[PDB]
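These notes are about the structure you will find just below.
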Amino acid sequence: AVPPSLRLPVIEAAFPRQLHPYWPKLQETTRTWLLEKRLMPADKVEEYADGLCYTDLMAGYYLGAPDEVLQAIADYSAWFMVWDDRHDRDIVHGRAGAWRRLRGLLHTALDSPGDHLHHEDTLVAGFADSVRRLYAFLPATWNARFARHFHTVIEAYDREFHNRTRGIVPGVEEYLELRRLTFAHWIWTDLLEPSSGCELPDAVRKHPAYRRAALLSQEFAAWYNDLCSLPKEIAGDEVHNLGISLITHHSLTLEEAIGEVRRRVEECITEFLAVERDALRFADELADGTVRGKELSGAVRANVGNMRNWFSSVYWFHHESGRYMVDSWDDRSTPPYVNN
Ligand SMILES: CC[N+](CC)(CC)Cc1ccccc1
Ligand SMILES: [Mg+2]
Ligand SMILES: [Mg+2]
Ligand SMILES: [Mg+2]
């Protein structure tokens with residue numbers, strides 16, 4: 001059961017959870033990867049990794065993915081969690097130089113991951129290993145789009161570094177634009193395609209129904225994260241959160257901001273339900289009787305189905321993962337799974 005302040009009855013009633021059959025092997029393989037790439041200390045891997053539920057999150061999202069595709073996605077996603085932790089710790093400890101150098105190496109490794117597989121910085125080497133594997137599934141045109149999207153994500157993280165160092169809370173609209181990048185909306189959307197085995201042509205993925213369904217899936221996920229991660233983020237002096245922007249710039253109380261974020265999250269669901277009908281009609285239209293048409297139709301249908309799965313996976317992840325359980329920590333500002 002979910003606390004009433006975080007409960008979304010429409011998710012529970014209309015978005016039933018799904019789990020990829022590879023999940024049991026995925027859980028252990030990603031844990032071993034985190035250990036072997038030295039992305040987390042061995043004792044913290046053993047104590048916390050399974051409880052963090054990072055593989056559960058992805059195995060509830062990219063249904064139908066080939067096992068090796070899901071493995072690369074899960075490793076990359078766990079890396080992404082550790083990177084968020086490193087970014088936070090660099091801010092907290094004022095390591096502007098270390099952040100800047102890491103930022104530059106990630107930009108370079110993103111374009112040439114093979115060159116960085118054995119880099120002295122284990123965080124860079126881990127990134128490169130996952131990215132090189134992601135680059136082996138689809139044509140180089142997809143790889144170039146992934147890279148373009150992630151260069152933008154890195155710079156959004158750099159903007160967050162500047163905001164927190166300068167004591168700046170973004171305005172609400174500024175935040176919503178930034179959040180599409182710090183949450184990596186377009187990366188998760190890109191990764192639908194290797195999961196269904198097909199790079200979608202620009203004309204297909206830029207169709208308004210596909211774009212809008214993809215957007216709303218990610219807006220829900222990011223703002224639901226904001227709702228559930230607000231306590232940990234307040235305790236950690238994090239400033240990036242829709243609720244924090246509302247409190248700071250619209251002078252809402254903590255209770256008023258929670259209610260406002262909740263209402264915006266709820267609206268994402270029913271806006272998605274409306275556009276999902278249009279997106280599945282588009283999927284039907286692509287089935288024009290040709291082989292390629294059947295392939296594109298099936299791929300769009302699978303991707304839209306996983307856009308829907310993201311709602312339930314993200315919902316339950318926030319209640320299962322130890323990442324957000326600030327009430328259990330000795331130091332509310334320092335999560336125990338983080339390298340401080
Ligand atoms: C730091 C976490 N994350 C993914 C690694 C950054 C993009 C957002 C996220 C949080 C919770 C669920 C799903 C994604
Ligand atoms: Mg964070
Ligand atoms: Mg973050
Ligand atoms: Mg958060």
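Identifiers in this document derive from the order of the structure tokens: chains are assigned A, B, ..., residues are numbered from 1 separately in each chain, and ligands are numbered from 1 in order of occurrence.
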Within 8 Å of ligand 2, which residues show up when you count only C-alpha atoms and all ligand atoms? List them as a PyMOL selection string, please. chain A and resi 81+84-85+88+233+238
Once you have the residues from the selection above, write them out as a PDB file, in the first residue's frame, restricted to N, CA and C atoms.
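What landed in out.pdb:
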ATOM      1  N   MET A  81      22.302   6.512 -11.824  1.00  0.00           N
ATOM      2  CA  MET A  81      22.045   6.757 -10.403  1.00  0.00           C
ATOM      3  C   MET A  81      23.327   7.125  -9.668  1.00  0.00           C
ATOM      4  N   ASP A  84      24.347  10.671 -10.595  1.00  0.00           N
ATOM      5  CA  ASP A  84      23.573  11.637  -9.824  1.00  0.00           C
ATOM      6  C   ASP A  84      24.136  11.780  -8.414  1.00  0.00           C
ATOM      7  N   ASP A  85      24.524  10.659  -7.797  1.00  0.00           N
ATOM      8  CA  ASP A  85      25.129  10.706  -6.468  1.00  0.00           C
ATOM      9  C   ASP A  85      26.466  11.446  -6.476  1.00  0.00           C
ATOM     10  N   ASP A  88      25.927  15.190  -6.915  1.00  0.00           N
ATOM     11  CA  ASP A  88      25.476  15.753  -5.649  1.00  0.00           C
ATOM     12  C   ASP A  88      26.638  15.922  -4.679  1.00  0.00           C
ATOM     13  N   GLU A 233      15.342  15.482  -0.800  1.00  0.00           N
ATOM     14  CA  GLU A 233      15.981  16.610  -1.466  1.00  0.00           C
ATOM     15  C   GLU A 233      16.018  17.849  -0.579  1.00  0.00           C
ATOM     16  N   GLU A 238      19.141  19.970  -1.930  1.00  0.00           N
ATOM     17  CA  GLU A 238      18.838  19.953  -3.351  1.00  0.00           C
ATOM     18  C   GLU A 238      17.799  21.031  -3.634  1.00  0.00           C
TER      19      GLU A 238
END
Which residues form the shell of 8 Å around ligand 4 when you count only C-alpha atoms and all ligand atoms, given as a VMD selection string? chain A and resid 222 225 to 230 233 240 to 241
By how many Å are CA of residue 303 in chain A and CA of residue 54 in chain A apart?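 These two atoms are separated by 20.5 Å.
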From A:188, A:142, A:15, A:99, residue lying nearest residue 159 in chain A [only C-alpha atoms]: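 Checking each candidate against residue 159 in chain A, we get A:99 as the closest.
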Please identify the alpha helix (DSSP H) residues within range 111-239 of chain A (assignment by DSSP from backbone atoms) and present them as a PyMOL selection string. chain A and resi 111+122-134+140-166+172-182+185-196+202-205+208-235
Range 278-292 of chain A environment, 10 Å, only C-alpha atoms, sequence neighbours closer than 6 positions dropped, as a list in words: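 Skipping anything fewer than 6 positions along the chain leaves residues 204, 207, 208, 209, 210, 211, 212, 213, 214, 272, 298, 299, 300, 301, 302, 304 and 305 of chain A.
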Writer output for current selection, N, CA and C atoms, as a PDB file, in the first residue's frame:
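File selection11.pdb, as written:
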ATOM      1  N   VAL A 204       8.251   9.022 -38.249  1.00  0.00           N
ATOM      2  CA  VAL A 204       7.423   8.235 -37.346  1.00  0.00           C
ATOM      3  C   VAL A 204       7.521   8.766 -35.922  1.00  0.00           C
ATOM      4  N   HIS A 207       5.896  12.168 -35.279  1.00  0.00           N
ATOM      5  CA  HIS A 207       4.457  12.306 -35.389  1.00  0.00           C
ATOM      6  C   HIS A 207       3.913  12.874 -34.081  1.00  0.00           C
ATOM      7  N   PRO A 208       2.997  13.847 -34.145  1.00  0.00           N
ATOM      8  CA  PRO A 208       2.554  14.525 -32.911  1.00  0.00           C
ATOM      9  C   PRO A 208       2.025  13.596 -31.832  1.00  0.00           C
ATOM     10  N   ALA A 209       1.326  12.517 -32.200  1.00  0.00           N
ATOM     11  CA  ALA A 209       0.818  11.596 -31.189  1.00  0.00           C
ATOM     12  C   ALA A 209       1.945  10.806 -30.529  1.00  0.00           C
ATOM     13  N   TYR A 210       2.952  10.392 -31.302  1.00  0.00           N
ATOM     14  CA  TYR A 210       4.085   9.696 -30.700  1.00  0.00           C
ATOM     15  C   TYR A 210       4.860  10.632 -29.779  1.00  0.00           C
ATOM     16  N   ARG A 211       5.147  11.846 -30.257  1.00  0.00           N
ATOM     17  CA  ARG A 211       5.890  12.820 -29.462  1.00  0.00           C
ATOM     18  C   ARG A 211       5.153  13.164 -28.175  1.00  0.00           C
ATOM     19  N   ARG A 212       3.835  13.347 -28.253  1.00  0.00           N
ATOM     20  CA  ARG A 212       3.097  13.776 -27.074  1.00  0.00           C
ATOM     21  C   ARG A 212       2.970  12.643 -26.071  1.00  0.00           C
ATOM     22  N   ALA A 213       2.737  11.425 -26.557  1.00  0.00           N
ATOM     23  CA  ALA A 213       2.709  10.282 -25.652  1.00  0.00           C
ATOM     24  C   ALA A 213       4.063  10.086 -24.979  1.00  0.00           C
ATOM     25  N   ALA A 214       5.150  10.228 -25.745  1.00  0.00           N
ATOM     26  CA  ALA A 214       6.484  10.068 -25.174  1.00  0.00           C
ATOM     27  C   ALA A 214       6.756  11.133 -24.124  1.00  0.00           C
ATOM     28  N   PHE A 272      -2.243  11.488 -20.895  1.00  0.00           N
ATOM     29  CA  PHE A 272      -1.637  10.361 -21.597  1.00  0.00           C
ATOM     30  C   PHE A 272      -2.698   9.409 -22.126  1.00  0.00           C
ATOM     31  N   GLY A 298       4.298  -2.561 -35.450  1.00  0.00           N
ATOM     32  CA  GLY A 298       4.576  -3.321 -34.243  1.00  0.00           C
ATOM     33  C   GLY A 298       5.530  -2.598 -33.310  1.00  0.00           C
ATOM     34  N   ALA A 299       6.522  -1.911 -33.875  1.00  0.00           N
ATOM     35  CA  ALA A 299       7.499  -1.206 -33.054  1.00  0.00           C
ATOM     36  C   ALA A 299       6.852  -0.036 -32.327  1.00  0.00           C
ATOM     37  N   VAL A 300       6.042   0.746 -33.039  1.00  0.00           N
ATOM     38  CA  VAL A 300       5.356   1.859 -32.394  1.00  0.00           C
ATOM     39  C   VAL A 300       4.430   1.347 -31.297  1.00  0.00           C
ATOM     40  N   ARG A 301       3.695   0.270 -31.574  1.00  0.00           N
ATOM     41  CA  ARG A 301       2.788  -0.272 -30.568  1.00  0.00           C
ATOM     42  C   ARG A 301       3.547  -0.738 -29.332  1.00  0.00           C
ATOM     43  N   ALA A 302       4.672  -1.427 -29.531  1.00  0.00           N
ATOM     44  CA  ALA A 302       5.486  -1.858 -28.399  1.00  0.00           C
ATOM     45  C   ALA A 302       6.029  -0.667 -27.622  1.00  0.00           C
ATOM     46  N   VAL A 304       4.802   2.442 -27.442  1.00  0.00           N
ATOM     47  CA  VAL A 304       3.719   3.110 -26.723  1.00  0.00           C
ATOM     48  C   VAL A 304       3.288   2.280 -25.519  1.00  0.00           C
ATOM     49  N   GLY A 305       3.313   0.957 -25.659  1.00  0.00           N
ATOM     50  CA  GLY A 305       3.023   0.112 -24.521  1.00  0.00           C
ATOM     51  C   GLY A 305       4.038   0.281 -23.409  1.00  0.00           C
TER      52      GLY A 305
END
Name the residues, by chain letter and number, that sit within 7 Å of ligand 1 using only C-alpha atoms and all ligand atoms, and give them as an NGL selection string. :A and (77-78 or 80-81 or 84 or 182-184 or 221-222 or 225 or 314 or 317-318)
